[PDB]
Visitor: 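This is the structure, below, for whatever I ask next.
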Amino acid sequence: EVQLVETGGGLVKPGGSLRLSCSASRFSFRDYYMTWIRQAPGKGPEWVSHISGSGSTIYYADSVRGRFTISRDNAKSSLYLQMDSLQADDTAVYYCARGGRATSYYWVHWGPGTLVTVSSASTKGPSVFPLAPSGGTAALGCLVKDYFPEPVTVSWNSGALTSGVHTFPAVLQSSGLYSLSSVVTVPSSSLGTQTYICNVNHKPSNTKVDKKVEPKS
Amino acid sequence: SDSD
Amino acid sequence: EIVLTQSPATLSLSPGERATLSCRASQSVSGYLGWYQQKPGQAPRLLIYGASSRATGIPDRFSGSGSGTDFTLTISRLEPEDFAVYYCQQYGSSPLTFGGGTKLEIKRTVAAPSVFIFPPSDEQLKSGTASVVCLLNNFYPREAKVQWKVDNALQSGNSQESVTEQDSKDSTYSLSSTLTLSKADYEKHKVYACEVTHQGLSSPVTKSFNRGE
Ligand SMILES: *[C@@H]1O[C@H](CO)[C@@H](O)[C@H](O)[C@H]1NC(C)=O
């Protein structure tokens with residue numbers, strides 16, 4: 001079965017550079033057009049670039065021309081995308097895809113993708129704030145604010161509490177930093193007895209925070 | 001053919 | 001470029017029903033049109049090429065028709081595994097372009113949100129900011145109006161919503177609406193209220209609190 005694997009994605013400042021590689025195996029790489037496809041968060045895919053099996057015929061989308069360079073090493077069965085002068089609007093999941101032997105019109109074989117984030121925001125661990133509980137069901141939670149880039153992981157009591165947890169998708173603030181809440185519904189008869197701690201881990205900054213969430217007055 |  | 005218009009943007013069906021997804025091209029693309037399915041965190045998966053030719057391994061309930069400008073993808077009877085996002089893609093002319101996608105979601109019975117509101121914590125106010133959170137828990141359908149009122153003044157431009165993916169077990173959604181103010185602005189006002197309109201509610205629900213109590 002055709003195997004494709006992208007690597008090299010990461011966080012980069014606007015104007016910076018990044019080099020993506022796609023490793024191919026279990027087929028005759030040099031006999032196929034290879035293609036780069038990218039998908040911005042919430043959008044459909046967008047064609048980026050084509051390269052012929054020989055490497056001598058190459059096409060680019062207008063939006064990347066003069067900034068991106070496609071190439072390949074047939075000996076190493078490897079496709080590359082050199083990305084210079086990166087822009088915020090280049091943020092997307094990047095996929096390599098196998099074409100046909102002489103054309104690349106649509107795609108059966110895709111890699112799993114590599115995420116490229118272009119932003120001036122600096123890596124930063126989150127501030128964690130309790131969402132204190134206010135009949136038989138009570139909701140409590142944690143506010144996880146001002147971190148960058150994605151992702152954070154949130155667990156409740158180190159993973160003991162899973163039922164009724166909703167960890168909302170992160171939303172990008174106007175500051176360029178992310179924020180989310182994680183909430184859980186619990187029986188109100190346990191608001192004094194049971195202790196509730198949210199464990200927040202932000203691996204891009206190696207930040208770990210635990211927040212005990214308790215009722216107020 | 002071109003598409004295997 | 002050729003623009004691909006997909007309708008409807010979201011399609012709500014029960015397992016077992018038939019789905020018909022439409023793709024309209026701004027110019028003729030002849031029969032050079034493909035369809036893809038995409039699930040969260042995965043690459044698109046080719047279903048159909050050449051407007052109507054099925055790709056290898058794709059179940060027979062997936063069929064495509066059309067030619068020129070108006071194309072259709074049909075799912076004869078929907079399987080639980082078929083709820084996903086679907087894209088069309090033309091290759092009659094360069095540059096190759098994709099549609100904007102149709103999201104196929106699970107229809108279930110109407111469920112009213114349970115609504116909660118959370119004042120900013122003392123810790124956060126210490127740091128100079130106030131986030132007020134309004135939570136809508138386990139509701140269906142996805143459409144809901146959430147309005148922030150501060151001393152009866154409707155807010156705008158200063159809140160953000162996040163919605164969970166459809167729950168794998170009960171097919172409901174959950175939504176947060178987060179109103180963010182400076183500490184200085186928060187203390188200019190007394191009454192903070194989240195008002196929720198949803199089809200499952202016989203009348204809109206307001207949750208509110210007085211700052212300081
Ligand atoms: C053959 O299939 C490949 C995908 O495997 C595609 O890129 C290429 O354009 C196809 N050629 C045709 C349909 O002529």
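In what follows, every heavy atom counts, from backbone to side chain, and hydrogens, waters and symmetry copies are set aside. Indexing begins at 1, ligand by ligand and atom by atom, following the structure's order. Throughout, a chain's letter reflects where its sequence line sits, starting with A, and its residues are numbered from 1.
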Visitor: Minimum heavy-atom separation for C/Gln6 and C/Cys88, please, with both atom names.
Guide: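 Minimum heavy-atom separation between C/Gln6 and C/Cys88: OE1-N, 3.2 Å.
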
Visitor: Are the side chains of C/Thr164 and C/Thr172 in touch, meaning some heavy atoms are under 4.5 Å apart?
Guide: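 C/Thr164 does not reach C/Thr172 side chain to side chain.
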
Visitor: Ligand 1 and A/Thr103, any nitrogen or oxygen pair closer than 3.5 angstrom?
Guide: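 Yes, there is a polar N/O contact under 3.5 Å.
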
Visitor: If you measure only the distance, is there a donor-acceptor pair under 3.5 Å linking the side chains of A/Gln3 and A/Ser25?
Guide: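 Side-chain D/A pair, A/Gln3 to A/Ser25: present.
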
Visitor: With backbone taken as N, CA, C and O and side chain as the heavy atoms from C-beta onward, which portion of A/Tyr106 lies under 4.0 Å from ligand 1: side chain, backbone, both, or neither?
Guide: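 The answer is both, backbone and side chain.
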
Visitor: Going by atom types alone, do C/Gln27 and C/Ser93 pair a side-chain donor with an acceptor below 3.5 Å?
Guide: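 There is no such pair (donor and acceptor under 3.5 Å, judged by atom type) between the side chains of C/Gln27 and C/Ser93.
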
Visitor: Is the shortest N/O to N/O distance between A/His109 and ligand 1 below 3.5 Å?
Guide: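 There is no such contact.
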
Visitor: With atoms numbered from 1 as shown, which atoms in ligand 1 lie under 4.0 angstrom from a non-hydrogen atom of B/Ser3?
Guide: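 Going through ligand 1 atom by atom, the ones under 4.0 Å from B/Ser3 are 1 (C), 2 (O), 3 (C), 8 (C), 10 (C), 11 (N), 12 (C), 13 (C).
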
Visitor: Short list, please: which atoms of ligand 1 are under 4.0 Å from a heavy atom of A/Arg98?
Guide: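 The atoms of ligand 1 under 4.0 Å from a heavy atom of A/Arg98 are 5 (O).
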
Visitor: Taking only residues two or more places apart in sequence, or in another chain, which ones meet A/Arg98 in a salt bridge (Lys or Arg N to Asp or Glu O under 4.0 Å)?
Guide: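 Here no residue qualifies.
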
Visitor: For C/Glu81, enumerate each residue passing the salt bridge (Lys or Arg N to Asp or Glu O under 4.0 Å) test, keeping only those at least two apart in sequence or located in another chain.
Guide: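 Residues passing salt bridge (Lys or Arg N to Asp or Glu O under 4.0 Å) with C/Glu81: none at all.
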
Visitor: Would you mind running through ligand 1 and noting each atom that sits below 4.0 Å from a heavy atom of A/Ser104?
Guide: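 Listed by number with element, the hits are 7 (O), 9 (O).
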
Visitor: Please report whether ligand 1 has a polar contact with A/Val108, defined as an N or O pair separated by less than 3.5 Å (distance criterion only).
Guide: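 N/O-N/O distance below 3.5 Å does not exist for this pair.
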
